[PDB]
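Have a look at input.pdb; it's PDB, C-alpha atoms:
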```
ATOM      1  CA  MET A   1      45.088 -60.691  17.099  1.00  0.00           C
ATOM      2  CA  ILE A   2      48.906 -60.936  16.926  1.00  0.00           C
ATOM      3  CA  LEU A   3      50.699 -64.258  16.577  1.00  0.00           C
ATOM      4  CA  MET A   4      54.266 -63.978  17.868  1.00  0.00           C
ATOM      5  CA  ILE A   5      56.986 -66.539  17.206  1.00  0.00           C
ATOM      6  CA  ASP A   6      59.896 -66.377  19.650  1.00  0.00           C
ATOM      7  CA  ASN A   7      62.281 -68.829  21.336  1.00  0.00           C
ATOM      8  CA  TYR A   8      61.155 -68.356  24.977  1.00  0.00           C
ATOM      9  CA  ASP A   9      63.140 -65.110  25.002  1.00  0.00           C
ATOM     10  CA  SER A  10      63.658 -62.783  27.965  1.00  0.00           C
ATOM     11  CA  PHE A  11      62.373 -59.709  26.118  1.00  0.00           C
ATOM     12  CA  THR A  12      59.066 -61.312  25.123  1.00  0.00           C
ATOM     13  CA  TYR A  13      57.297 -60.492  28.401  1.00  0.00           C
ATOM     14  CA  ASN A  14      57.806 -56.741  28.035  1.00  0.00           C
ATOM     15  CA  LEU A  15      56.505 -56.741  24.465  1.00  0.00           C
ATOM     16  CA  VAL A  16      53.438 -58.820  25.419  1.00  0.00           C
ATOM     17  CA  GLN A  17      52.564 -56.418  28.232  1.00  0.00           C
ATOM     18  CA  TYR A  18      52.777 -53.308  26.078  1.00  0.00           C
ATOM     19  CA  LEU A  19      50.722 -54.934  23.314  1.00  0.00           C
ATOM     20  CA  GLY A  20      47.910 -55.534  25.799  1.00  0.00           C
ATOM     21  CA  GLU A  21      48.024 -51.859  26.749  1.00  0.00           C
ATOM     22  CA  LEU A  22      47.324 -51.201  23.047  1.00  0.00           C
ATOM     23  CA  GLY A  23      44.260 -53.466  23.275  1.00  0.00           C
ATOM     24  CA  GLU A  24      45.867 -56.275  21.256  1.00  0.00           C
ATOM     25  CA  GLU A  25      45.691 -59.965  22.164  1.00  0.00           C
ATOM     26  CA  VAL A  26      48.881 -61.970  21.615  1.00  0.00           C
ATOM     27  CA  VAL A  27      49.521 -65.683  21.323  1.00  0.00           C
ATOM     28  CA  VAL A  28      53.162 -66.781  21.552  1.00  0.00           C
ATOM     29  CA  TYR A  29      54.737 -69.881  20.061  1.00  0.00           C
ATOM     30  CA  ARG A  30      58.177 -71.261  19.520  1.00  0.00           C
ATOM     31  CA  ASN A  31      58.701 -72.293  15.887  1.00  0.00           C
ATOM     32  CA  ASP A  32      58.300 -75.990  16.685  1.00  0.00           C
ATOM     33  CA  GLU A  33      55.008 -75.455  18.550  1.00  0.00           C
ATOM     34  CA  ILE A  34      52.655 -74.405  15.707  1.00  0.00           C
ATOM     35  CA  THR A  35      52.357 -75.293  12.020  1.00  0.00           C
ATOM     36  CA  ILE A  36      51.483 -73.183   8.993  1.00  0.00           C
ATOM     37  CA  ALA A  37      48.146 -75.012   8.920  1.00  0.00           C
ATOM     38  CA  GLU A  38      47.308 -74.056  12.505  1.00  0.00           C
ATOM     39  CA  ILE A  39      48.460 -70.468  11.993  1.00  0.00           C
ATOM     40  CA  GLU A  40      46.011 -70.185   9.091  1.00  0.00           C
ATOM     41  CA  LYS A  41      43.218 -71.612  11.238  1.00  0.00           C
ATOM     42  CA  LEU A  42      43.859 -68.978  13.918  1.00  0.00           C
ATOM     43  CA  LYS A  43      43.679 -66.190  11.296  1.00  0.00           C
ATOM     44  CA  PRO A  44      46.002 -63.712  13.049  1.00  0.00           C
ATOM     45  CA  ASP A  45      45.995 -60.076  11.923  1.00  0.00           C
ATOM     46  CA  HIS A  46      49.747 -59.586  12.400  1.00  0.00           C
ATOM     47  CA  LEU A  47      52.796 -61.823  12.763  1.00  0.00           C
ATOM     48  CA  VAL A  48      55.797 -60.833  14.847  1.00  0.00           C
ATOM     49  CA  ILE A  49      58.804 -63.089  14.191  1.00  0.00           C
ATOM     50  CA  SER A  50      61.191 -62.362  17.039  1.00  0.00           C
ATOM     51  CA  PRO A  51      63.063 -65.570  17.928  1.00  0.00           C
ATOM     52  CA  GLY A  52      66.384 -65.359  19.726  1.00  0.00           C
ATOM     53  CA  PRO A  53      68.892 -65.401  21.272  1.00  0.00           C
ATOM     54  CA  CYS A  54      69.882 -62.238  19.421  1.00  0.00           C
ATOM     55  CA  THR A  55      73.458 -63.326  18.656  1.00  0.00           C
ATOM     56  CA  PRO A  56      75.578 -63.945  15.533  1.00  0.00           C
ATOM     57  CA  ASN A  57      73.882 -66.918  13.896  1.00  0.00           C
ATOM     58  CA  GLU A  58      73.768 -68.069  10.270  1.00  0.00           C
ATOM     59  CA  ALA A  59      70.445 -69.875  10.721  1.00  0.00           C
ATOM     60  CA  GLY A  60      67.215 -68.533   9.265  1.00  0.00           C
ATOM     61  CA  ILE A  61      64.231 -69.092  11.551  1.00  0.00           C
ATOM     62  CA  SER A  62      60.581 -69.511  10.540  1.00  0.00           C
ATOM     63  CA  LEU A  63      61.613 -69.236   6.896  1.00  0.00           C
ATOM     64  CA  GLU A  64      58.687 -71.300   5.663  1.00  0.00           C
ATOM     65  CA  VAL A  65      56.261 -69.241   7.767  1.00  0.00           C
ATOM     66  CA  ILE A  66      57.572 -65.950   6.358  1.00  0.00           C
ATOM     67  CA  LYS A  67      57.497 -67.191   2.758  1.00  0.00           C
ATOM     68  CA  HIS A  68      54.032 -68.700   3.103  1.00  0.00           C
ATOM     69  CA  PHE A  69      52.364 -65.691   4.736  1.00  0.00           C
ATOM     70  CA  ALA A  70      54.154 -63.020   2.687  1.00  0.00           C
ATOM     71  CA  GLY A  71      51.267 -61.185   1.077  1.00  0.00           C
ATOM     72  CA  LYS A  72      48.714 -62.767   3.408  1.00  0.00           C
ATOM     73  CA  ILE A  73      49.452 -61.286   6.856  1.00  0.00           C
ATOM     74  CA  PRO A  74      51.637 -58.276   7.806  1.00  0.00           C
ATOM     75  CA  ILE A  75      54.981 -59.411   9.230  1.00  0.00           C
ATOM     76  CA  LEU A  76      57.410 -57.655  11.590  1.00  0.00           C
ATOM     77  CA  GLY A  77      60.783 -59.325  12.194  1.00  0.00           C
ATOM     78  CA  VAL A  78      62.897 -58.491  15.246  1.00  0.00           C
ATOM     79  CA  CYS A  79      65.835 -60.256  16.870  1.00  0.00           C
ATOM     80  CA  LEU A  80      66.649 -63.054  14.408  1.00  0.00           C
ATOM     81  CA  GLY A  81      63.417 -62.416  12.518  1.00  0.00           C
ATOM     82  CA  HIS A  82      65.082 -59.482  10.797  1.00  0.00           C
ATOM     83  CA  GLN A  83      67.807 -61.561   9.161  1.00  0.00           C
ATOM     84  CA  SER A  84      65.237 -64.286   8.458  1.00  0.00           C
ATOM     85  CA  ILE A  85      63.091 -61.818   6.469  1.00  0.00           C
ATOM     86  CA  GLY A  86      66.194 -60.799   4.542  1.00  0.00           C
ATOM     87  CA  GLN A  87      67.036 -64.429   3.777  1.00  0.00           C
ATOM     88  CA  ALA A  88      63.505 -65.374   2.867  1.00  0.00           C
ATOM     89  CA  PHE A  89      63.574 -62.904  -0.023  1.00  0.00           C
ATOM     90  CA  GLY A  90      67.022 -63.779  -1.363  1.00  0.00           C
ATOM     91  CA  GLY A  91      69.239 -61.638   0.845  1.00  0.00           C
ATOM     92  CA  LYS A  92      72.636 -62.672   2.154  1.00  0.00           C
ATOM     93  CA  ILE A  93      73.535 -62.633   5.836  1.00  0.00           C
ATOM     94  CA  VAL A  94      77.176 -61.667   6.441  1.00  0.00           C
ATOM     95  CA  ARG A  95      79.470 -60.545   9.227  1.00  0.00           C
ATOM     96  CA  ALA A  96      79.531 -56.812   9.891  1.00  0.00           C
ATOM     97  CA  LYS A  97      82.518 -54.657   8.991  1.00  0.00           C
ATOM     98  CA  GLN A  98      83.411 -53.922  12.629  1.00  0.00           C
ATOM     99  CA  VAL A  99      82.620 -55.420  15.996  1.00  0.00           C
ATOM    100  CA  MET A 100      80.320 -52.945  17.680  1.00  0.00           C
ATOM    101  CA  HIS A 101      81.450 -51.437  20.966  1.00  0.00           C
ATOM    102  CA  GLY A 102      79.011 -50.682  23.724  1.00  0.00           C
ATOM    103  CA  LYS A 103      75.273 -51.323  23.607  1.00  0.00           C
ATOM    104  CA  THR A 104      73.680 -48.318  21.864  1.00  0.00           C
ATOM    105  CA  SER A 105      73.387 -46.947  18.343  1.00  0.00           C
ATOM    106  CA  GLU A 106      71.932 -43.934  16.609  1.00  0.00           C
ATOM    107  CA  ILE A 107      69.655 -45.339  13.896  1.00  0.00           C
ATOM    108  CA  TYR A 108      69.013 -42.950  11.004  1.00  0.00           C
ATOM    109  CA  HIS A 109      66.129 -43.565   8.648  1.00  0.00           C
ATOM    110  CA  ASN A 110      64.257 -42.286   5.592  1.00  0.00           C
ATOM    111  CA  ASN A 111      60.788 -41.978   7.231  1.00  0.00           C
ATOM    112  CA  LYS A 112      59.541 -45.081   5.388  1.00  0.00           C
ATOM    113  CA  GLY A 113      57.630 -48.040   6.770  1.00  0.00           C
ATOM    114  CA  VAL A 114      57.646 -48.455  10.541  1.00  0.00           C
ATOM    115  CA  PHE A 115      60.010 -45.471  10.891  1.00  0.00           C
ATOM    116  CA  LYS A 116      57.342 -43.104   9.473  1.00  0.00           C
ATOM    117  CA  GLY A 117      57.363 -39.911  11.524  1.00  0.00           C
ATOM    118  CA  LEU A 118      59.887 -41.136  14.080  1.00  0.00           C
ATOM    119  CA  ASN A 119      62.610 -38.875  15.449  1.00  0.00           C
ATOM    120  CA  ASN A 120      65.664 -39.001  13.200  1.00  0.00           C
ATOM    121  CA  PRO A 121      67.876 -40.525  14.477  1.00  0.00           C
ATOM    122  CA  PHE A 122      66.227 -43.343  16.414  1.00  0.00           C
ATOM    123  CA  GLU A 123      68.164 -44.116  19.605  1.00  0.00           C
ATOM    124  CA  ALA A 124      68.263 -47.884  20.122  1.00  0.00           C
ATOM    125  CA  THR A 125      70.151 -50.666  21.838  1.00  0.00           C
ATOM    126  CA  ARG A 126      71.991 -53.366  19.965  1.00  0.00           C
ATOM    127  CA  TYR A 127      73.183 -56.934  20.062  1.00  0.00           C
ATOM    128  CA  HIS A 128      76.039 -58.645  18.251  1.00  0.00           C
ATOM    129  CA  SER A 129      74.809 -60.224  15.039  1.00  0.00           C
ATOM    130  CA  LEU A 130      75.367 -60.859  11.404  1.00  0.00           C
ATOM    131  CA  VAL A 131      73.840 -58.219   9.135  1.00  0.00           C
ATOM    132  CA  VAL A 132      71.926 -58.067   5.885  1.00  0.00           C
ATOM    133  CA  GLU A 133      74.419 -57.510   3.063  1.00  0.00           C
ATOM    134  CA  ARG A 134      73.849 -54.137   1.377  1.00  0.00           C
ATOM    135  CA  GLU A 135      75.682 -54.838  -1.877  1.00  0.00           C
ATOM    136  CA  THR A 136      73.560 -57.906  -2.811  1.00  0.00           C
ATOM    137  CA  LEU A 137      70.205 -56.761  -1.428  1.00  0.00           C
ATOM    138  CA  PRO A 138      67.257 -58.181  -3.416  1.00  0.00           C
ATOM    139  CA  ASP A 139      65.422 -55.851  -5.766  1.00  0.00           C
ATOM    140  CA  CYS A 140      62.196 -56.367  -3.809  1.00  0.00           C
ATOM    141  CA  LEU A 141      63.712 -55.102  -0.543  1.00  0.00           C
ATOM    142  CA  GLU A 142      64.359 -51.470   0.368  1.00  0.00           C
ATOM    143  CA  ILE A 143      66.611 -50.088   3.125  1.00  0.00           C
ATOM    144  CA  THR A 144      64.636 -48.065   5.697  1.00  0.00           C
ATOM    145  CA  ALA A 145      67.224 -47.549   8.431  1.00  0.00           C
ATOM    146  CA  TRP A 146      70.973 -47.630   8.868  1.00  0.00           C
ATOM    147  CA  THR A 147      73.838 -46.640  11.125  1.00  0.00           C
ATOM    148  CA  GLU A 148      76.495 -44.093  10.257  1.00  0.00           C
ATOM    149  CA  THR A 149      79.073 -45.196  12.847  1.00  0.00           C
ATOM    150  CA  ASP A 150      81.728 -47.629  11.584  1.00  0.00           C
ATOM    151  CA  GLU A 151      81.154 -47.729   7.817  1.00  0.00           C
ATOM    152  CA  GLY A 152      77.461 -48.284   8.622  1.00  0.00           C
ATOM    153  CA  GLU A 153      75.103 -51.260   8.489  1.00  0.00           C
ATOM    154  CA  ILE A 154      71.488 -51.911   7.520  1.00  0.00           C
ATOM    155  CA  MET A 155      69.177 -51.534  10.527  1.00  0.00           C
ATOM    156  CA  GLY A 156      65.769 -51.729   8.831  1.00  0.00           C
ATOM    157  CA  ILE A 157      64.411 -53.346   5.663  1.00  0.00           C
ATOM    158  CA  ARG A 158      60.981 -53.449   4.115  1.00  0.00           C
ATOM    159  CA  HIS A 159      59.411 -55.282   1.200  1.00  0.00           C
ATOM    160  CA  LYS A 160      58.715 -52.831  -1.600  1.00  0.00           C
ATOM    161  CA  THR A 161      55.168 -54.059  -2.253  1.00  0.00           C
ATOM    162  CA  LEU A 162      54.201 -56.264   0.733  1.00  0.00           C
ATOM    163  CA  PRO A 163      53.665 -55.306   4.440  1.00  0.00           C
ATOM    164  CA  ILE A 164      56.840 -57.033   5.661  1.00  0.00           C
ATOM    165  CA  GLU A 165      59.498 -55.179   7.689  1.00  0.00           C
ATOM    166  CA  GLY A 166      62.620 -56.160   9.615  1.00  0.00           C
ATOM    167  CA  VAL A 167      64.558 -54.108  12.159  1.00  0.00           C
ATOM    168  CA  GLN A 168      68.041 -55.041  13.338  1.00  0.00           C
ATOM    169  CA  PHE A 169      68.123 -53.433  16.789  1.00  0.00           C
ATOM    170  CA  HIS A 170      67.544 -55.218  20.107  1.00  0.00           C
ATOM    171  CA  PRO A 171      63.834 -55.891  20.822  1.00  0.00           C
ATOM    172  CA  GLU A 172      64.017 -53.889  24.052  1.00  0.00           C
ATOM    173  CA  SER A 173      64.271 -50.791  21.837  1.00  0.00           C
ATOM    174  CA  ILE A 174      60.570 -51.282  21.055  1.00  0.00           C
ATOM    175  CA  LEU A 175      59.691 -50.324  24.622  1.00  0.00           C
ATOM    176  CA  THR A 176      61.120 -46.829  24.459  1.00  0.00           C
ATOM    177  CA  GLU A 177      58.699 -44.017  23.676  1.00  0.00           C
ATOM    178  CA  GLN A 178      59.887 -43.822  20.083  1.00  0.00           C
ATOM    179  CA  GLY A 179      59.903 -47.614  19.958  1.00  0.00           C
ATOM    180  CA  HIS A 180      56.239 -47.434  20.959  1.00  0.00           C
ATOM    181  CA  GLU A 181      55.597 -45.326  17.846  1.00  0.00           C
ATOM    182  CA  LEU A 182      57.512 -47.750  15.615  1.00  0.00           C
ATOM    183  CA  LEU A 183      55.304 -50.647  16.739  1.00  0.00           C
ATOM    184  CA  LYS A 184      52.121 -48.588  16.370  1.00  0.00           C
ATOM    185  CA  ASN A 185      53.177 -47.945  12.772  1.00  0.00           C
ATOM    186  CA  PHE A 186      53.440 -51.683  12.160  1.00  0.00           C
ATOM    187  CA  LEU A 187      50.005 -52.421  13.592  1.00  0.00           C
ATOM    188  CA  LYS A 188      48.434 -49.968  11.098  1.00  0.00           C
ATOM    189  CA  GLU A 189      49.572 -52.058   8.139  1.00  0.00           C
ATOM    190  CA  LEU A 190      47.015 -54.263   6.361  1.00  0.00           C
ATOM    191  CA  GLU A 191      47.537 -56.853   3.642  1.00  0.00           C
ATOM    192  CA  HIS A 192      46.402 -55.833   0.150  1.00  0.00           C
ATOM    193  CA  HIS A 193      43.814 -57.762  -1.886  1.00  0.00           C
TER     194      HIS A 193
END
```
Would you give me this structure, written as structure tokens?
Amino acid sequence: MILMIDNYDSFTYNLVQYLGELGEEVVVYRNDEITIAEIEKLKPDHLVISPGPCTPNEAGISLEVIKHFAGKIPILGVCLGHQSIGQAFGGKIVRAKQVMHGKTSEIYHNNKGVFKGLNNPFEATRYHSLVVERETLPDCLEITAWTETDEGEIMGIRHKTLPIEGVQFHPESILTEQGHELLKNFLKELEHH
């Protein structure tokens, strides 16, 4: 079972529908609607932290959830859950070097984590946002994906020893055919003992 934390976002329906086609059951909450205690009682197999709107925003969402379940349950962060993962492990959220033009990006990657075996580059759509700062990235985080256009930005992070990954692109990118493979990769991950 997948527990998904969003903010009643427009993209959530499409992700829920595809996850059922993979034979996964999903339960959706806003951050105020379930506690750490009740998440533990439900014993989900995966957490997806994807609260929006996906806009420039200094706030970190579900920070206590991410810190508490790090090393208990695999975590995928999308929309603001990507920057929240970065913050939860000591990263800094900063404004990007350039304002992005258009809606699409080529996302290059090092075949690690959820990008394992994906076409390089990964074609995705984007939103305006702050970004994880490369120069101060915590030692326990590794960059898995990035753009080359502008002077480039981090587009994917993963914890070096725990099944926790964040991706910066718009959640609708998960519904492409290569996005389908990215999500499948996440669902393979299991927490260590």
Name the residues in contact with residue 86 in chain A at a cut-off of 10 Å, using only C-alpha atoms, excluding same-chain residues fewer than 2 positions from it; report them as a JSON list (two decimals) with C-alpha atoms, in the coordinates of the input.
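Now in around-v9.json:
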```json
[["chain", "number", "residue", "atom", "x", "y", "z"],
["A", 60, "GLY", "CA", 67.22, -68.53, 9.26],
["A", 63, "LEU", "CA", 61.61, -69.24, 6.90],
["A", 77, "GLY", "CA", 60.78, -59.32, 12.19],
["A", 81, "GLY", "CA", 63.42, -62.42, 12.52],
["A", 82, "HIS", "CA", 65.08, -59.48, 10.80],
["A", 83, "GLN", "CA", 67.81, -61.56, 9.16],
["A", 84, "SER", "CA", 65.24, -64.29, 8.46],
["A", 88, "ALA", "CA", 63.50, -65.37, 2.87],
["A", 89, "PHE", "CA", 63.57, -62.90, -0.02],
["A", 90, "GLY", "CA", 67.02, -63.78, -1.36],
["A", 91, "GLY", "CA", 69.24, -61.64, 0.84],
["A", 92, "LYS", "CA", 72.64, -62.67, 2.15],
["A", 93, "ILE", "CA", 73.54, -62.63, 5.84],
["A", 131, "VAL", "CA", 73.84, -58.22, 9.14],
["A", 132, "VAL", "CA", 71.93, -58.07, 5.88],
["A", 133, "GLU", "CA", 74.42, -57.51, 3.06],
["A", 137, "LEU", "CA", 70.20, -56.76, -1.43],
["A", 138, "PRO", "CA", 67.26, -58.18, -3.42],
["A", 141, "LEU", "CA", 63.71, -55.10, -0.54],
["A", 157, "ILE", "CA", 64.41, -53.35, 5.66],
["A", 158, "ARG", "CA", 60.98, -53.45, 4.12],
["A", 159, "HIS", "CA", 59.41, -55.28, 1.20],
["A", 165, "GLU", "CA", 59.50, -55.18, 7.69],
["A", 166, "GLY", "CA", 62.62, -56.16, 9.62]]
```
Next on the checklist: Is it possible to get the residues within 12 Å of (55.0, -42.0, 9.0) (coordinates as in the file, counting all atoms listed in the file) written as a list in words?
Outcome noted: residues 109, 110, 111, 112, 113, 114, 115, 116, 117, 118, 119, 120, 144, 181, 182, 183, 184, 185, 186, 188 and 189 of chain A
Item to check | Residues within 12 Å of (51.9, -67.6, 2.2), counting all atoms listed in the file, listed as a PyMOL selection string | outcome: chain A and resi 36-37+39-40+63-75+88+162+191
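Pairwise distance (CA of residue 145 in chain A, CA of residue 108 in chain A) equals 5.6 Å.
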Item to check | Coordinates-based distance that separates CA of residue 78 in chain A from CA of residue 172 in chain A (Å, one decimal) | outcome: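 Interatomic distance here is 10.0 Å.
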Checklist entry - So which residues get picked by the PyMOL selection byres ((chain A and resi 2) around 12) here, written as a ChimeraX atom specification? => result /A:1,3-5,15-16,19-20,22-29,39,42-49,73-76,186-187
Produce a file of the selected residues containing C-alpha atoms, as an mmCIF file, in the frame of the given file.
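Wrote result07.cif, looks like this:
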```cif
data_model
loop_
_atom_site.group_PDB
_atom_site.id
_atom_site.type_symbol
_atom_site.label_atom_id
_atom_site.label_comp_id
_atom_site.auth_asym_id
_atom_site.auth_seq_id
_atom_site.Cartn_x
_atom_site.Cartn_y
_atom_site.Cartn_z
ATOM 1 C CA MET A 1 45.088 -60.691 17.099
ATOM 2 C CA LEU A 3 50.699 -64.258 16.577
ATOM 3 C CA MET A 4 54.266 -63.978 17.868
ATOM 4 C CA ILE A 5 56.986 -66.539 17.206
ATOM 5 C CA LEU A 15 56.505 -56.741 24.465
ATOM 6 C CA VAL A 16 53.438 -58.820 25.419
ATOM 7 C CA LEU A 19 50.722 -54.934 23.314
ATOM 8 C CA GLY A 20 47.910 -55.534 25.799
ATOM 9 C CA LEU A 22 47.324 -51.201 23.047
ATOM 10 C CA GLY A 23 44.260 -53.466 23.275
ATOM 11 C CA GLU A 24 45.867 -56.275 21.256
ATOM 12 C CA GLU A 25 45.691 -59.965 22.164
ATOM 13 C CA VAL A 26 48.881 -61.970 21.615
ATOM 14 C CA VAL A 27 49.521 -65.683 21.323
ATOM 15 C CA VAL A 28 53.162 -66.781 21.552
ATOM 16 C CA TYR A 29 54.737 -69.881 20.061
ATOM 17 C CA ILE A 39 48.460 -70.468 11.993
ATOM 18 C CA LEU A 42 43.859 -68.978 13.918
ATOM 19 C CA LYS A 43 43.679 -66.190 11.296
ATOM 20 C CA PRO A 44 46.002 -63.712 13.049
ATOM 21 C CA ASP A 45 45.995 -60.076 11.923
ATOM 22 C CA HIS A 46 49.747 -59.586 12.400
ATOM 23 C CA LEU A 47 52.796 -61.823 12.763
ATOM 24 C CA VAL A 48 55.797 -60.833 14.847
ATOM 25 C CA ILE A 49 58.804 -63.089 14.191
ATOM 26 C CA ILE A 73 49.452 -61.286 6.856
ATOM 27 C CA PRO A 74 51.637 -58.276 7.806
ATOM 28 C CA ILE A 75 54.981 -59.411 9.230
ATOM 29 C CA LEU A 76 57.410 -57.655 11.590
ATOM 30 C CA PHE A 186 53.440 -51.683 12.160
ATOM 31 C CA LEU A 187 50.005 -52.421 13.592
#
```
Item to check | range 121-125 of chain A environment, 9 Å, all atoms listed in the file, sequence neighbours closer than 2 positions dropped, as a list in words | outcome: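 The filter keeps residues 103, 104, 105, 106, 107, 108, 109, 115, 118, 119, 127, 169, 170, 171, 172, 173, 174, 176, 178 and 179 of chain A.
When the distance limit is 10 Å and only C-alpha atoms are what count, the residues near residue 128 in chain A, minus those fewer than 5 positions from it on the same chain, are residues 54, 55, 56, 57, 95, 96, 99, 100, 101, 103, 169 and 170 of chain A.
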Take the residues from that selection and write them out as a PDB file, in the coordinates of the input, keeping C-alpha atoms.
```pdb
ATOM      1  CA  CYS A  54      69.882 -62.238  19.421  1.00  0.00           C
ATOM      2  CA  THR A  55      73.458 -63.326  18.656  1.00  0.00           C
ATOM      3  CA  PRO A  56      75.578 -63.945  15.533  1.00  0.00           C
ATOM      4  CA  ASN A  57      73.882 -66.918  13.896  1.00  0.00           C
ATOM      5  CA  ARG A  95      79.470 -60.545   9.227  1.00  0.00           C
ATOM      6  CA  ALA A  96      79.531 -56.812   9.891  1.00  0.00           C
ATOM      7  CA  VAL A  99      82.620 -55.420  15.996  1.00  0.00           C
ATOM      8  CA  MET A 100      80.320 -52.945  17.680  1.00  0.00           C
ATOM      9  CA  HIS A 101      81.450 -51.437  20.966  1.00  0.00           C
ATOM     10  CA  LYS A 103      75.273 -51.323  23.607  1.00  0.00           C
ATOM     11  CA  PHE A 169      68.123 -53.433  16.789  1.00  0.00           C
ATOM     12  CA  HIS A 170      67.544 -55.218  20.107  1.00  0.00           C
TER      13      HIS A 170
END
```
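For the atom pair formed by CA of residue 164 in chain A and CA of residue 129 in chain A, the distance is 20.5 Å, given to one decimal.
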Draw an axis-aligned box tight on the listed atoms of range 99-106 of chain A, then pad every side by 4 Å and write out centre and edge lengths in Å to one decimal as lines of an AutoDock Vina configuration file.
```
center_x = 77.3
center_y = -49.7
center_z = 19.9
size_x = 18.7
size_y = 19.5
size_z = 15.7
```
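Checking A:167, A:79, A:190, A:34 one by one against residue 12 in chain A, counting only C-alpha atoms, you find the shortest gap at A:79.
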Next on the checklist: I'd like the residues picked by the PyMOL selection byres ((chain A and resi 153) around 10) written out as a PyMOL selection string, using the chain letters and numbers from the file.
Outcome noted: chain A and resi 96-98+107+131-134+145-152+154-156+168
Checklist entry - Given the choices A:17, A:193, A:8, A:143, which gets closest to residue 175 in chain A if the distance is worked out from only C-alpha atoms? => result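 Ranked by minimum distance to residue 175 in chain A, first place goes to A:17.
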